[PDB]
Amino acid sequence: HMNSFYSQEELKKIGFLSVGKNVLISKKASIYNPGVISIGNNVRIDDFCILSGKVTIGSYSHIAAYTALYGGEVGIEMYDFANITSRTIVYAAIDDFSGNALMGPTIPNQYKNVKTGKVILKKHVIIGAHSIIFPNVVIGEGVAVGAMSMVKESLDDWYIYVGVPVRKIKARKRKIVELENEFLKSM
């Protein structure tokens, strides 16, 4: 009733590819194939998140509650100061919706048409709540995507995007870069 996080002790026992310092992971999150999951320093991952398969997170990042990172074999990577708000999904693989293929994990590979590609969230990216990020996209440096937004293509740096599928609505301010430097100085 205070917090649900693993102790540093139990964290070491999960078997992550790598795990940094001050990492707070919820016991109510699911972690599958931790040997291909790498986490930097100062990371928080909240209840009912799912990390599955190849996932790489840097430093100063919050993965809020209910968020699913399906990294598959090609991987999802987040850079430093990226953050994901609650209930987001990031897929590195998805089934073909068109009608040209059978679908999903109960069906063999030879009948499906899985679309796959590494997803990267560059530095300072923020993903708004209830959003969905499709495979093989780079979310540009300093990009913000609004709540309930859907991204199927890579996003140009330093813009704010909204909607389903997203469209660009205004520049993201770049004062956070100064703040990053100021913050890192003080440390």
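Throughout, we count residues from 1 along the sequence that is shown.
K.L.:
Which has the higher mean CA temperature factor in the PDB entry, 72-80 or 107-115?
P.N.:
Comparing 107-115 with 72-80, the higher average CA B-factor belongs to 107-115.
K.L.:
When the C-alpha temperature factors are averaged for each of 145-153 and 34-42, which stretch ends up with the higher value in the entry?
P.N.:
34-42 has the higher mean C-alpha B-factor.
K.L.:
Consider only the C-alpha atoms of the modelled residues in this chain, order them by B-factor as the entry records it, and name the third containing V23: lowest, middle or highest.
P.N.:
Highest third, going by the recorded CA B-factors of the chain.
K.L.:
Name the third of the chain's ranked CA B-factors that contains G140, choosing lowest, middle or highest.
P.N.:
For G140, the deposited C-alpha B-factor lands in the middle third.
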